[PDB]
Amino acid sequence: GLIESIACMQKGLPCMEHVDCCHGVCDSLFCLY
């Protein structure tokens, strides 16, 4: 789901877990930052 763990995907990449993005922001599930 969302939260817990720390993966890093670049800005504009598909993220389903809120922390999947290196900046920790998922919105409209793609790495917002």
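Comments concerning the UniProt feature "disulfide bond" in the protein
Between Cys 8 and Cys 22 the annotated UniProt disulfide holds up in this structure, with the two sulfurs at 2.0 Å. Residue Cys 8 is found in the segment before β1 (26-27), and its partner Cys 22 is found in the segment before β1; the two are separated by 14 residues along the sequence.

A short note on the environment of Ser 28
Tracing the backbone through its elements, the reader meets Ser 28 in the loop between β1 and β2 (30-31). Each C-alpha atom of the pair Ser 28 and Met 16 lies 9.3 Å from the other, and the pair is twelve residues apart in sequence. A polar side-chain atom of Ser 28 sits 2.8 Å from a polar atom in the side chain of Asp 27.

Some remarks on the environment of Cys 8
Relative accessible area serves as the criterion here: at 51%, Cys 8 is assigned to the exposed category. Not counting residues within four places of it along the chain, the set of residues in contact with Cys 8 comprises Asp 20, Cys 21 and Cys 22.

Thoughts on the environment of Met 16
Relative to the helices and strands, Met 16 is located in the segment before β1. A relative accessible area of 54% means that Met 16 is categorised as exposed. In this structure the C-alpha to C-alpha distance between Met 16 and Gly 1, which are 15 residues apart in sequence, comes to 7.0 Å. When residues no more than four places from it in sequence are discounted, the contact partners of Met 16 are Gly 1, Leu 2 and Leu 29.

With respect to the state of the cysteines
Taken as a whole, this structure holds three disulfides when the rule is applied. Paired by a disulfide, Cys 15 and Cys 26 hold their sulfur atoms 2.0 Å apart. Taken as a pair, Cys 15 in the segment before β1 and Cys 26 in strand β1 lie far apart in primary sequence, eleven residues in all. For the pair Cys 15 and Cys 26, one class covers both residues: buried.

Rules used throughout
Residues numbered from 1 in each chain as written, not as in the entry; some residues may be left out. Heavy atoms only, no water. Disulfide = S-S within 2.5 Å. UniProt positions renumbered as here; feature names shortened; annotations may be inferred. Helix = DSSP H or I, 4+ residues; strand = E, 2+ residues; numbered from the N terminus. Polar contact = N/O pair within 3.5 Å; in protein donor to acceptor, adjacent residues only side chain to side chain. Buried < 20%, exposed > 50% of the residue type's maximum accessible area, 1.4 Å probe, protein only. Contact = heavy atoms within 4.5 Å.

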